[PDB]
Each structure stands twice: as C-alpha cells, then as structure tokens.
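# Commentary on secondary and tertiary structure
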Amino acid sequence: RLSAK
Amino acid sequence: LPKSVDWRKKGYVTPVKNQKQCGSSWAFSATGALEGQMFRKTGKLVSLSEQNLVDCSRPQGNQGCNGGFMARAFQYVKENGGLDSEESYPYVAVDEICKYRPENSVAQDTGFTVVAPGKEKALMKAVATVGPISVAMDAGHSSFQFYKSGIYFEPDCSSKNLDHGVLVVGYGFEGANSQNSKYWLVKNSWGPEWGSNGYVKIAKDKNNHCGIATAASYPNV
Ligand SMILES: [Cl-]
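Method of determination, as annotated in the archive: X-ray crystallography, at 2.13 Å resolution.

Structure below.
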C-alpha cells in the first residue's frame, strides 16, 4: 500500500 | 546461520525509492530482490525498472498501480527474458503503456524460489544465504505510517491478510543477547524520509509478525 502522506 | 546480516553493508541494495501514490510496492520489492541477485552474480549494482513491471506484467496477474505480487513479477521477468534498468525506463507512478525494450535489459531470472509459508526460520535461512528476500506484510496501520525507530511491533497486525510488499535486506538483534529482541531489517518504498532512512526493523521470531514470513520469495538468476 501507499504512504498516508 | 549468523546472528545478524545486513546486505546493505555488502553492496546488494540500492538507495531507497518512493512508490508515491501508486500501488506498486510489489514492484519495488521485486526489483529489490532482483537487484540483489544480479549483484551477487556480476558485482554490479543496477537500479531496476519498477515502471517496467507496472506496465508490462498484467498478463502474469499484476495490476500495475492497483496491486500485484512479487512472484508474479519474477514470473514476468522470466517469460519476457528480461527487465530494464530504472535509467532506461523511469518510474512515473502511473499505469502507462508497456515500453519494454530488450536492448535495455540488465537483469534476468529463470524463475524463483519460495519460502515455506509462516516459516521464519526458513526465511532467516533464505536471508542469510541468498541476499535480500521479497516479502509481503500487513502494513495497514497508523503505527506503521508513523514509524520512526526501534523494533516495530503492532498488536493489530495480521499474518494472513497482507497489503504490502517489502524487502528483507537482513536481520539482527538489539542488545547483547542474540536470542532476544530480534528483528528483520526491512526496506520500504515510501522514500528515505519515512521511518529510519526508509527502513523499518520488524519484530522477528514473534509468531510471523505482520506476516513477513507468510509469502516470501526471491528470483533465480
Ligand atoms: Cl502498494
């Protein structure tokens, strides 16, 4: 998954 | 088996990359394992193209920016007979048209090796004797997002339901007792800025924490 940022 | 291993100190790991807003951690993990295997075989470290993988492995089951799997990527490198370098096929973080150009190939794999699922010792073994190992983990937690240092241990971690592929570049322990407070040295793809220089230490031998040993594998070069 992707960074929350 | 050694007490600690750090493939980065031996030249098998490229600088930390950033997948940005695209679900290709699986491609990063794949290129990490491959970069390490190609290094062991030639003594040359070459950043591989994750974009190559995003755009061309839909036939093997990958979905570009919407998920994918590391072994499926090794699978594509094999059917395709190659994989371009990052320099020749740059990462743009979006699903694009496959532009694999074999004149720019710099890596090859004839298949892959799997690690028995949930077997941390098999994993430790693969790590210690082969080089960085692509692994899947459950990274759906704020604590992971905000991780900064030390050994990561999250109680709500799953060892079965994974959403993120990373790379185990080694392992070790904290302190002097080699048999305790052990961790997996993990390379992420959220940039150098996330975590500890882009890495995370994850609890080892703590019941396959976050599923790190659930579906590990590495490419055969
Ligand atoms: Cl992802």
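Right, picking up where we left off after that structure.
In this section: the UniProt feature "disulfide bond" in chain B. All names here are of chain B. With its sulfur atoms 2.0 Å apart, the UniProt disulfide linking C22 and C65 appears as an intact bond in this structure. Of this pair, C22 sits in the loop between β1 (5-6) and α1 (25-42) while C65 sits in the loop between α2 (50-56) and α3 (70-80), and the two are 43 residues apart along the sequence. Residue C22 shares its accessibility class with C65, and that shared class is buried. The UniProt disulfide joining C56 and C98 is present here, with an S-S separation of 2.0 Å. With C56 in helix α2 and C98 in the loop between β2 (83-84) and β3 (105-107), this pair connects stretches of sequence that are 42 residues apart. Here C56 falls in the buried class, since its relative accessible area comes to 8%.

Within α3 of chain B the residues assigned to the buried category are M70, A71, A73, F74, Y76 and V77 of chain B. Directly beyond the C-terminal end of α3 of chain B, a positive phi value near 70 degrees is found at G81 of chain B.

Next up on the list: empty space enclosed by the protein. All names here are of chain B. Inspection of every chain in the model, using the stated rule, returns 1 cavity of 30 Å³ or more. Lining the largest cavity are 17 residues, with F28, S29, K187, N188 and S189 sitting closest to its centre. Within the residue set of the lining of the largest cavity, elements represented by two or more residues are α1 and β7 (164-173).

Residues and elements named next belong to chain B. The tally for this structure, following the rule as stated, stands at 10 aromatic pairs over all chains. Between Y171 and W184 the ring centres are 5.9 Å apart and the planes differ by 75 degrees, which places this aromatic pair in the edge-to-face class. Of this pair, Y171 sits in strand β7 while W184 sits in strand β8 (residues 182-187), and the two are 13 residues apart along the sequence. The residues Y171 and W184 share a single accessibility class, namely buried. Both rings, one in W190 and one in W194, keep their centres 5.5 Å apart while their planes meet at 80 degrees; by these two values the pair is edge-to-face. With relative accessibility at 6%, the residue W194 sits in the buried group. Grouped by ring-pair contacts, the aromatic residues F144, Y147, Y152, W190 and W194 constitute a single cluster. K201 extends its terminal NZ or CZ atom over the ring of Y183, reaching a point 4.7 Å from the ring centre. Sitting over the face of the ring of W184, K204 holds its NZ or CZ atom 5.2 Å from the ring centroid.

Turning to the interface of chain A and chain B, a few remarks are in order. Contact residues are listed per partner, giving 5 residues for chain A and 12 residues for chain B. Taking both partners together, chain A and chain B bury about 720 Å²; carbon and sulfur atoms supply 47% of that area. It is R1, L2 and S3 of chain A that lose the most area in chain A upon contact with chain B, and together they represent 83% of the buried surface on that side. The tally of links between chain A and chain B comes to 1 salt bridge. Our count for the chain A to chain B interface comes out at 5 residue pairs in polar contact.

Criteria and thresholds
- Residues numbered from 1 in each chain as written, not as in the entry; some residues may be left out.
- Chains lettered and ligands numbered in written order.
- Heavy atoms only, no water.
- Disulfide = S-S within 2.5 Å.
- UniProt positions renumbered as here; feature names shortened; annotations may be inferred.
- Helix = DSSP H or I, 4+ residues; strand = E, 2+ residues; numbered from the N terminus.
- Buried < 20%, exposed > 50% of the residue type's maximum accessible area, 1.4 Å probe, protein only.
- 1 Å grid on protein atoms, 1.4 Å probe; cavity = no way out; pocket = protein on both sides within 12 Å on 5 of 7 lines; lining within 4 Å.
- Points joined across faces, edges and corners; volume = space filled by probe spheres on them.
- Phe/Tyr/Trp six-rings, centres within 6.5 Å; stacked < 30°, edge-to-face > 60°.
- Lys NZ or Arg CZ within 6 Å of the ring centre and 35° of its normal.
- Contact = heavy atoms within 4.5 Å.
- Buried area = accessible area lost by both parts, 1.4 Å probe.
- Salt bridge = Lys/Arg side-chain N within 4 Å of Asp/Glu carboxyl O.
- Polar contact = N/O pair within 3.5 Å; in protein donor to acceptor, adjacent residues only side chain to side chain.

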